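Structure first, commentary second.
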Amino acid sequence: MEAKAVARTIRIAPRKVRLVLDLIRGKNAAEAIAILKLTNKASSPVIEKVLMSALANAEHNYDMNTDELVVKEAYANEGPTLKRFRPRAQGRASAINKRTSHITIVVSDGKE
Amino acid sequence: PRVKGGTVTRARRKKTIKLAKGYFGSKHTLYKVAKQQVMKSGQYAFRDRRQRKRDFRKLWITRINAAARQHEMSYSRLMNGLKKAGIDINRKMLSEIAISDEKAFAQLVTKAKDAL
Amino acid sequence: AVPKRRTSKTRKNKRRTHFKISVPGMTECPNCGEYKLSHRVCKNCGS
Amino acid sequence: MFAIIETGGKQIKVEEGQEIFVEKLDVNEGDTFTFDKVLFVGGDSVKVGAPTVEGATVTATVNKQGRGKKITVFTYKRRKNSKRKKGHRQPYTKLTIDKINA
Amino acid sequence: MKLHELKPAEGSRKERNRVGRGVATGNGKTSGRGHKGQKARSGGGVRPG
Amino acid sequence: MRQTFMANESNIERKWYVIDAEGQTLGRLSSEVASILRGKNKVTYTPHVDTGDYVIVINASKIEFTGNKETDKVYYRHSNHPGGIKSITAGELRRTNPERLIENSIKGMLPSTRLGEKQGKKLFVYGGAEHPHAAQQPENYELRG
RNA sequence: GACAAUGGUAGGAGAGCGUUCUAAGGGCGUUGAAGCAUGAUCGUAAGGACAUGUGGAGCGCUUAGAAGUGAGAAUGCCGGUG
RNA sequence: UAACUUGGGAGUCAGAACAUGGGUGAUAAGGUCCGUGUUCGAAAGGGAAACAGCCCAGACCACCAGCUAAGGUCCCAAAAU
RNA sequence: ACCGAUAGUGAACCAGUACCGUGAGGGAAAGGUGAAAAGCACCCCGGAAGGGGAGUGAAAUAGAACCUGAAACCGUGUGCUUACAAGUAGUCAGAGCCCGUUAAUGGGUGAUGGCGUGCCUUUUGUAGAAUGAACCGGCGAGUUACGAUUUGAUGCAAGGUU
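Residue numbers (my numbering), protein chains in the order written: chain A, 534 to 645; chain B, 890 to 1005; chain C, 1302 to 1348; chain D, 721 to 822; chain E, 1306 to 1354; chain F, 22 to 166.
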């Protein structure tokens, strides 16, 4: 079957969370978890919590085997952006963008 | 009575955006650049619909020349002879015959060689 | 000192070809079940 | 065996059992048309006519009488505010070679 | 005479001319006013006579 | 689009030829070879595909010129460097490396396109009279002056 | 039917397409209207239809009438995203 | 096969090469000022390698038909080694 | 035959209010769940936020809640194609692969060949190294009231009209 878990409004730029999503795409649940505990990034800890939740849903709501699962899909969409200001040289003011992210993970066993 | 110009500009712009399908870059997205490309496309087709009648005629002549050079003769000499013989075959037909039934072409040359 | 023309999506995606992370060592443990870094302090301490 | 007929304003190399497209003719779908302008007759015997082979005809049957794909003609001036858009549909006629009475 | 099928006298009404509405109508950007000068300015023109 | 035969793959037949440059004008010989390479003497000639054959010059070191062309007719070449212009007379280019003298000459009468470069790779020039292509069984080809 | 004729800027003149509202007549709609998306469809052009998906209450046709009636450029104004 | 009269709307008042007849300049200028023509302006198409003003010629639309003009026919590249 | 949330008052909502200036003064942005809160009891992952089930409902429509397009922009997966090549990126010709429509001399990609210096404004002349536009989504320029003159239409006519 197929199980998924999403994390909305995640305070983290989508370009930085898309660098750790290209390391667990098409890997096994076991390997993926091990790779997320060795990666030195600020998104690994957040992504690891989402992957864990996705596995629990496939072992409870679908009661599937968690010893033969494989990460099928894994992407991150953009979310509401906050607008901020900070002073410059003279009386000018530059703009700051605090973008968010919508992490999503779909775990499956590879069987219709 | 006020008249809103909605659902009339998008419908006209969408038609031009669908006419530029298969372009490279943002030429199949942005309407501004798309329009310019479409306009140029139409100007090329019109001018390329008259150059296609000259390109194909240049091809036939080439083929005939090669096929007419296998019987110790030149295109200019063959063409001249055929006209004096009274034949009215087209250049596209003359080439087609030579490519396929080569035996038939041989006879034609003989007739043109008899008219000197 | 300022861009003469804006960069396209093609050229921008071509410059980000070597911009990525690399998978680490991740040495297997003899008695713990979980993985660990090579030449580290744990239950594996490398292999 | 093949023959070279001259219909409309050009020449076509047809053969027994073959579909061809010519200019709008004056007939009705399901009728029989016969060409009397034969310039060449290939196959076993070779008959090369002078202006045209005397005593040569080709019969065929009309199949359809529709129009071609719509062509959009569009031209314009560089800076001069002037342009023109136009459509076109060249009418045609589909026939099927029957016999080649040499 | 039926209110759902009225008909005005043949050739007794015409549509007004609108300038500055495309280049296919004939009166484009210049709207038949030439190029520059004092007769091309808004509210321009010398006093009659 | 009525009916016009168009050559393509699995329909083109390329053969091998052996031309002799024994007492032949450089330009006069090159011109003839060029046409053969492009395949303009074939009845099924097509411009968007290669239908030419392979040519093989045997002699090439016995090529002759006309007038004082061996003393003049210098061959210049730049190396994309300030003041990097080198030259060499045709007569001095015939004594050493005479195969390049014919190659360039025949390569200058071909179109400068992708097909033009691929059509120029079907030419083999030598200096002696023995070619290592006996497995292709190439036949002699008389120059139609 | 002949017979000629048909390049175009400033500018003359003629014939039309579409948009919002009103009148009269005849119609459509929870068995799914307008809008939105997709399509290999029709007209000489501006344009017009059908079918399918989303949508959940209004909307077009015929002949007239009245206009805040058509957008690619003004270092145009405002928002959004590069 | 045009012309004239009367009336309704106009735009134009910075022109440019080329070939002739002249002034000015130095029988200098892609100079400048007149007169007689043609083309560009507002004209695509072929030739002059590329080249608004040179030469040939004015595009209602379609066709994988034919005859010519200037200029051309060894290869690039249509046609005489 | 007025407007329908960039419209109509500056103000449909927290308007002369946030804010800005020593002061006189200047002056915004912002409407919409459903017929009825019946506003997600309960279980699972998690510190929480957020999610997956299960439930109420005609339909999650779930409290950044009618519809939700783009010029946009940012992604994930796939059918064809690409690492010897000089490019206003298109147009005509055209193999090879892959599909199957409003069914018609079909559709998608495209190895190779020929031809080809964007658009507007201003100029005798602009590919111009002259001007303007980052991406147009919305708004944004011959109008009305009185007179005058000429043309078309209708009514009556030595009378015509208030």
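Don't be surprised by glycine CBs; every beta carbon is placed ideally from N, CA and C.
### Candidates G148/F, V95/F, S100/F, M130/F, of which the one nearest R121/F by Cα
Taking only the C-alpha atoms, the option nearest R121/F is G148/F.
### Message
Please report the straight-line C-alpha distance between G807/D and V1324/E, rounded to a whole angstrom.
### Response
Between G807/D and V1324/E, the alpha-carbon positions lie close to 28 Å from each other.
### Query
Run through DSSP, which three-state label would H960/B get?
When secondary structure is reduced to three states using DSSP, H960/B falls in the helix class.
### Message
Please report the distance separating the alpha-carbon of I566/A from that of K1315/C.
### Response
If I take the Cα positions, the gap works out to 31 Å.
### Query
What is the rounded straight-line gap between the Cα of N118/F and the Cα of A934/B?
A direct Cα-to-Cα measurement between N118/F and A934/B gives close to 50 Å.
### Query
Which residues, taken in chain order from the stretch 966 to 980 of chain B, show a beta carbon closer than 9 Å to some beta carbon of chain D?
Against chain D - using a Cβ distance shorter than 9 Å - the residues of the stretch 966 to 980 of chain B are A974, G975, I976, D977, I978, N979.
### Message
Within the continuous alpha helix (DSSP H) that includes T999/B, where are the two ends?
### Response
That run of the alpha helix (DSSP H) goes 991 to 1003.
### Query
What first and last residue would you give for the alpha helix (DSSP H) that runs through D937/B?
Residues 920 to 937.
### Query
Can you pull the DSSP bridge partners for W37/F?
Answer is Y75/F.
### Task
Check the Cβ of residue 1006/B against every Cβ in chain D and list those closer than 7 Å, keeping chain order.
In the structure as shown, chain B starts at 890 and stops at 1005, and residue 1006/B therefore has no counterpart that could be examined.
### Query
How should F755/D be labelled, buried or exposed, when 16 other C-beta atoms within 10 angstroms of its C-beta is the threshold for buried?
That one is buried.
#### Entry: Cutoff 8 Å: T905/B Cβ touching any chain F Cβ
Closer than 8 Å to the CB of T905/B there is not a single CB belonging to chain F.
### Task
Sort out for me which residues DSSP pairs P811/D with in a bridge.
Paired residues: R787/D.
### Task
Going by CA-CA distance only, name the one from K942/B, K924/B, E991/B that's closest to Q959/B.
From the listed residues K942/B, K924/B, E991/B, the smallest Cα separation to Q959/B is found for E991/B.
### Query
Taking Cβ-Cβ distances below 8 Å as the criterion, which residues of the stretch 541 to 557 of chain A are in contact with chain C?
Taking 8 Å as the Cβ-Cβ cut-off against chain C, the residues of the stretch 541 to 557 of chain A that qualify are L552, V553, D555, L556.
### Task
Would you list, in sequence order, the uninterrupted beta strand (DSSP E) runs of no fewer than 3 residues that lie entirely inside the stretch 64 to 144 of chain F?
Entirely contained in the stretch 64 to 144 of chain F, the beta strand (DSSP E) runs reaching 3 residues are, in chain order, 76 to 78.
### Task
Give the range of the beta strand (DSSP E) segment to which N630/A is assigned.
Under the DSSP assignment, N630/A falls in the beta strand (DSSP E) whose first and last residues are 626 to 631.
### Query
Cβ of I545/A within 8 Å of Cβ of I557/A?
Going by C-beta atoms, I545/A is not nearer than 8 Å to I557/A.
### Message
Given this structure, state the Cα-to-Cα distance separating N979/B from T781/D, to the nearest angstrom.
### Response
Their backbone Cα atoms lie some 25 Å apart in a straight line.
### Query
Do three or more CB pairs link the stretch 760 to 776 of chain D to the stretch 902 to 915 of chain B at distances below 8 Å?
Too few Cβ pairs lie closer than 8 Å, so no.
### Task
Specify, as a first and last residue, the run of the beta strand (DSSP E) that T637/A falls within.
Taken as a continuous stretch (DSSP letters only), the beta strand (DSSP E) holding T637/A covers 635 to 641.
### Query
Mind checking if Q158/F is an interface residue toward chain B, Cβ cutoff 8 Å exclusive?
With 8 Å as the cut-off, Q158/F does not count as an interface residue toward chain B.
### Message
Below 8 Å, how does it come out for the stretch 540 to 554 of chain A and the stretch 633 to 644 of chain A: are there three or more Cβ pairs, yes or no?
### Response
Touching, yes, given that three or more Cβ pairs across the two stretches are closer than 8 Å.
### Message
Which runs of the alpha helix (DSSP H) at least 4 residues long sit entirely within the stretch 598 to 625 of chain A? Give them in chain order.
### Response
Complete alpha helix (DSSP H) runs here, min 4: none at all.
### Query
Closest by CA to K549/A, which one among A609/A, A589/A, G559/A, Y595/A?
Residue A609/A holds the alpha-carbon nearest to the alpha-carbon of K549/A among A609/A, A589/A, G559/A, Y595/A.
### Query
Does DSSP put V579/A in a helix, a strand or coil?
Collapsing the DSSP output to three states places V579/A in a helix.
### Message
Quick check on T572/A - is its C-beta less than 8 Å from some C-beta in chain C?
### Response
At least one chain C Cβ lies under 8 Å of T572/A.
### Query
So, is the C-beta of residue 861/B closer than 8 Å to a C-beta in chain F?
Not covered by the structure: residue 861/B. The range shown for chain B is 890 to 1005.
### Query
Between the Cα of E30/F and the Cα atoms of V70/F, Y162/F, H99/F, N80/F, which residue gives the shortest distance?
Cα-wise, what sits closest to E30/F is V70/F.
### Message
Between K1305/C and chain A, is the shortest Cβ-Cβ distance under 8 Å, so that the two count as touching?
### Response
The beta carbon of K1305/C sits no closer than 8 Å to any beta carbon of chain A.
### Task
Indicate whether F760/D and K814/D have their beta-carbon atoms separated by less than 8 Å.
8 Å or more divides the Cβ of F760/D from the Cβ of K814/D.
### Query
Just reading off the beta strand (DSSP E) that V539/A is part of, what are its end residues?
Element bounds for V539/A: 535 to 540.
### Contacts that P1325/C makes with chain A (C-beta to C-beta distance below 9 Å)
Listed by position along chain A, the residues whose Cβ is nearer than 9 Å to that of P1325/C are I568, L571, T572, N573.
### Query
Which first and last residues belong to the beta strand (DSSP E) in which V1351/E is found?
Where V1351/E is concerned, there is no enclosing beta strand (DSSP E), because DSSP gives it neither an H nor an E.
### Message
For a cutoff of 8 Å on Cβ pairs, would you count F945/B as touching chain F?
### Response
Taking Cβ atoms only, chain F reaches closer than 8 Å to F945/B, which makes this a yes.
### Query
Does any residue of chain B bring its CB to less than 8 Å from the CB of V64/F?
It does; some Cβ of chain B falls within 8 Å.
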